[PDB]
4 protein chains.
Amino acid sequence: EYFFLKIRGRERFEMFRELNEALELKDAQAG
Amino acid sequence: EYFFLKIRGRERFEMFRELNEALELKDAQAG
Amino acid sequence: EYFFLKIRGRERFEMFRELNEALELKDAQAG
Amino acid sequence: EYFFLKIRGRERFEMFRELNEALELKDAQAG
């Protein structure tokens with residue numbers, strides 16, 4: 001549970017940031 | 001630069017983990 | 001302007017399939 | 001397997017395009 005991950009790239013973060021927020025919303029909307 | 005990103009999930013993390021390692025490889029092939 | 005992309009792989013396509021469905025549902029929330 | 005997906009997003013497509021080319025390059029080195 002919970003796996004910290006650091007990346008030297010703000011660009012990749014923006015991507016993973018959208019995938020993380022988009023993946024969490026699917027669970028709340030889908031259940 | 002280094003931006004932390006708490007990823008809770010084996011698949012989700014594996015995604016950003018594979019995307020991070022895959023993105024770094026492109027730099028070697030491209031420049 | 002549609003850009004057909006022949007995804008080679010069940011996992012690869014499944015990935016973009018989840019990113020496409022999540023990006024489409026997320027866009028509805030914004031505008 | 002070869003799947004066919006139609007992406008109506010310039011940015012979204014570029015993502016899967018970079019993810020498919022990056023995931024295909026890493027798979028070639030292993031497989």
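The set of residues in the stretch D:11-29 that are farther than 16 Å from B:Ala28 by Cβ and surrounded by fewer than 10 Cβ atoms within 10 Å (Cβ to Cβ) contains only D:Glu11.
The set of residues from chain D being among the basic types (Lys, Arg) and part of a helix (DSSP H, G or I) comprises D:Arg10, D:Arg12, D:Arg17, D:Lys26. For the stretch C:5-18, a tally of residues being within 7 Å of another protein chain (Cβ to nearest Cβ) and either under 13 Å from D:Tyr2 (Cα atoms) or of a type in the set (A, V, I, L, M) (or both) returns 9.
Values quoted throughout were computed directly from the atomic coordinates according to the rules given, and no laboratory measurement underlies them. Cβ: placed from backbone, ideal geometry, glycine included. Neighbour counts: every protein chain shown.
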